[PDB]
């Protein structure tokens, strides 16, 4: 009943997983169905950091990160209900009811 699927591209250390309230640091690339890259923070560049499990990011990320170990690179396919839903994010070229694909690399856990 999660509304995302995860495919592991590179394994993490299988030991250190983010917990609710931890700050995580990530590299990512986000794509639409046709492979359009709507954003990447991969090159001044530095990892995205946020406190996990408290709604700082879309639900698909908030839930998926708890299942990744440090160093893991994974492909996430997130259903619109756990991303931007009916409204989408027009300014960022995300349409209504869009399934989002992210490659996410978990670099560190504070």
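Numbering follows the first chain given and starts at 1.
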Can you say how many deposited residues have no coordinates in the span between residue 43 and residue 44, choosing none, 1 to 3, 4 to 9, or 10 or more? 4 to 9
I need to verify one thing: averaged over C-alpha atoms only, is the B-factor higher for 20-28 or for 7-15? 7-15
Comparing 61-69 with 30-38, the one whose average Cα B-factor in the PDB entry is higher: 30-38
By the record's CA B-factor, is residue 89 among the lowest, middle or highest third of residues in the chain? highest
Taking the chain's C-alpha temperature factors as the reference, tell me which third residue 110 falls into: lowest, middle or highest. highest
Chain-wide C-alpha B factor ranking for residue 48, given as lowest, middle or highest third: lowest
Can you work out whether the C-alpha temperature factor of residue 54 puts it in the lowest, middle or highest third of the chain? highest
